[PDB]
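Protein chains: 2
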Amino acid sequence: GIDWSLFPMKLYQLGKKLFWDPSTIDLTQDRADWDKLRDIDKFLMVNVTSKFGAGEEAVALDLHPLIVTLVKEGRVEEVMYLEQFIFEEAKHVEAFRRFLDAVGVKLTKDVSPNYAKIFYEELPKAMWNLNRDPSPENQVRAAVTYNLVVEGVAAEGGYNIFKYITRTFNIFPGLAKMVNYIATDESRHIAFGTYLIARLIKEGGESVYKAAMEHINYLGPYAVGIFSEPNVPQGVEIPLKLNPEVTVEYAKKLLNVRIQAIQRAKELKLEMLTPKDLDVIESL
Amino acid sequence: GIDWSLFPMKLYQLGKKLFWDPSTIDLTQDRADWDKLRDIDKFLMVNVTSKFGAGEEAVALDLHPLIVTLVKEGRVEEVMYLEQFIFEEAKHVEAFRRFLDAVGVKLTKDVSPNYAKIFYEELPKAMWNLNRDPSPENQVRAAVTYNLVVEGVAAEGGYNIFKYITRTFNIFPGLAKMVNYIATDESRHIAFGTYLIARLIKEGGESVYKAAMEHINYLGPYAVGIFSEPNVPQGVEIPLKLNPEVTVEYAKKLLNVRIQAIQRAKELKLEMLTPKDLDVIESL
Ligand SMILES: [Fe+3]
Ligand SMILES: [Fe+3]
Ligand SMILES: [Mn+3]
Ligand SMILES: [Mn+3]
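Going line by line, the protein sequences match chains A and A'. A prime marks a further copy of an entry chain. Those letters in the first sequence? Residues 20 to 125, 131 to 308, by the entry's author numbering. Those letters in the second sequence? Residues 20 to 125, 131 to 308, by the entry's author numbering.
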């Protein structure tokens, strides 16, 4: 009794068409490119990649209450997509772990408080609050946290950091290929979160809409502050010629795009919804 | 810092080589074959397939505490394989759900007490006891339950039921293809459970070995009784010419094979371990 015309199933079949595996990606050149990086460049690299490895793992693990919530409500279509969502997240964890393994590399809170606030406090709190009370308001706060904030701002802003480094120095071709594939999966993740927040709001009314706008405003400063957390004492040089103002500015603009996506979710036609309507990448 | 020579990573790369997706399997003939079944045959079919759909979903969901336990212990290799394990389980849920959807079909406890004892009481109890106390004894009881019992006896005995029906009546070619692929994944699931029980016993001593033997003996009668639970009042005819004694006898023998696998796990060389040493299917 599956409705294949539902929007989650559209993204579900898309995730199957655009399937990839990080074990088929050669990291030989990436290992050679590791020697091209100075110590302050390697620190910046480990900083971001480990926050990706740990963040994607936090999402893959902390998303268990939402899936249990939806299966108790008998929403088989949305449960089937979250099962694809979770595996893709763990697939992203493998991708970053294979890169760290290839370069020979074997979360402080004290130097990264914004990152810890999101992934170690606010993400597990919003998710495991569903075990306490799976209300529509807690479900929209969960969706806002892991999807629009963790992925829509933190992950997407991280992608911008990787793309700048790979094109500026012509390094890490395997990682650049990984980020493209990861950003493709994440495109469907944002669309499902937009749809999910749309369904909760259209079924729960103004009470659900307020909870989404209050939660994303509350998380906003921490999500943007994630990109103001380089390594330790800075030093004289900026690693890998990054522009700190543009990195932070991009996240702020991402945050506003996610805020406006909640405002547009009130009046959104869910039945005629297609991935192209949510600007979803439909080709690898 | 991944050890690719470890036994979990061997099965991990095997799961990637032997990857399959149930959406590429044609069920057109299966829908036509549904009309070949009498009402008592359709009931038997829905009986087993829904217990598979619900059982595989119970395993995919209730396995969250074990993965959280292993990541807190820093066992990255075993966590990476459980991530493949969980997705394959949800992939099995999709396979059975696509078959039920193709045949147009849209767990009673009262008529299936043995099935409910395993999947609705003993499986969630052994798994969520890790959240209470992730001791080595609780970890081996968890492994015995979901792996050696749920998969080694219940799932494997279910496969025997499907294979008999498909070859006796020459029906359901899509389902027969699915069961072959599912039984291939499950081959690696049993090997990892054997390895995991072996590591816990060799690191925990006699206390862990006793917990594994006490738990599988306690679950044994319920696992075998699962195959003594046809539909409702039986009637005059046996559905699909099944032999009830041979179906039950096969499960009993499966149970003893799993018991002897725990006894052999005490003296098992884990470093030289290969999939062929655990009789793992290595080709599709
Ligand atoms: Fe994502
Ligand atoms: Fe299995
Ligand atoms: Mn991801
Ligand atoms: Mn399975």
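Just so you know, even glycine gets a beta-carbon here, dropped at the ideal spot from N, CA and C.
Would you please state the rounded distance, in angstroms, between the beta carbons of residue i and residue j? I believe it to be under 8 Å.
i, j, result
"A/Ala121", "A/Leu46", "4 Å"
"A'/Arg116", "A'/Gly72", "6 Å"
"A'/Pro160", "A'/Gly228", "4 Å"
"A'/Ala236", "A'/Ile221", "6 Å"
"A/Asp209", "A/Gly34", "7 Å"
Compare the beta carbon distance of residue i and residue j with 8 Å and say whether it is the shorter of the two.
i, j, result
"A/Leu101", "A/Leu80", "no"
"A/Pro41", "A/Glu113", "yes"
"A'/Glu146", "A'/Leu243", "yes"
"A/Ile240", "A/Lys290", "no"
"A'/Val95", "A'/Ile21", "yes"
"A/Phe143", "A/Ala77", "yes"
"residue 130 of chain A'", "A'/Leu154", "Missing here is residue 130 of chain A'; chain A' as given proceeds from 125 to 131 without the residues in between."
"A/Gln103", "A/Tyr31", "yes"
"A'/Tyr219", "A'/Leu294", "yes"
"A/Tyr170", "A/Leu82", "yes"
"A/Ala150", "A/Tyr183", "no"
"A/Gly217", "A/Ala275", "no"
With a threshold of 7 Å on Cβ separation, who are the neighbours of residue i within its own chain once the five nearest residues in sequence on each side are excluded?
i, result
"A'/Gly249", "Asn138"
"A'/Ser211", "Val304 and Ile305"
"A/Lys201", "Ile44"
"A/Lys29", "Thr298 and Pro299"
"A/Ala109", "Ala79"
"A'/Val272", "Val248, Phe251 and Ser252"
Who are the Cβ neighbours of residue i in its own chain at under 6 Å, not counting the five residues just before and after it?
i, result
"A/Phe196", "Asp49, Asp52 and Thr190"
"A/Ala140", "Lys133"
"A/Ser136", "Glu253"
"A'/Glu97", "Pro27 and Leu89"
"A/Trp39", "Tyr205"
"A'/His111", "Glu75 and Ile206"
Which word fits residue i, buried or exposed, when buried means at least 16 other C-beta atoms lie within 10 angstroms of its C-beta?
i, result
"A'/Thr298", "exposed"
"A'/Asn194", "exposed"
"A/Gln284", "exposed"
"A/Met296", "exposed"
"A/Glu107", "buried"
"A/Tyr246", "buried"
"A/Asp60", "buried"
"A'/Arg223", "buried"
"A'/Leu308", "exposed"
"A/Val256", "exposed"
"A/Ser24", "exposed"
"A'/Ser252", "exposed"
"A'/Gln163", "buried"
"A'/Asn280", "exposed"
"A'/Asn66", "buried"
"A'/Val177", "buried"
"A/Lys91", "exposed"
"A'/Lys125", "exposed"
"A/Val232", "buried"
"A/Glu230", "exposed"
"A/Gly198", "buried"
"A'/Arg282", "buried"
"A/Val270", "exposed"
"A/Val203", "buried"
DSSP on residue i, reduced to helix/strand/coil?
i, result
"A'/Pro254", "coil"
"A'/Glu295", "coil"
"A/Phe186", "helix"
"A'/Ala150", "helix"
"A'/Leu266", "coil"
"A/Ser231", "helix"
"A/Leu56", "coil"
"A'/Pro160", "helix"
"A/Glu92", "coil"
"A/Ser136", "coil"
"A'/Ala236", "helix"
"A/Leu308", "coil"
"A'/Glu261", "coil"
"A'/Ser69", "helix"
"A/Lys290", "coil"
"A'/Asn194", "coil"
"A'/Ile21", "coil"
"A'/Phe106", "helix"
Less than 8 Å between C-beta atoms, sequence neighbours within five positions excluded: which residues of the same chain meet that for residue i?
i, result
"A/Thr192", "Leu264 and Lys265"
"A/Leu131", "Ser69, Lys70, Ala73, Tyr139 and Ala140"
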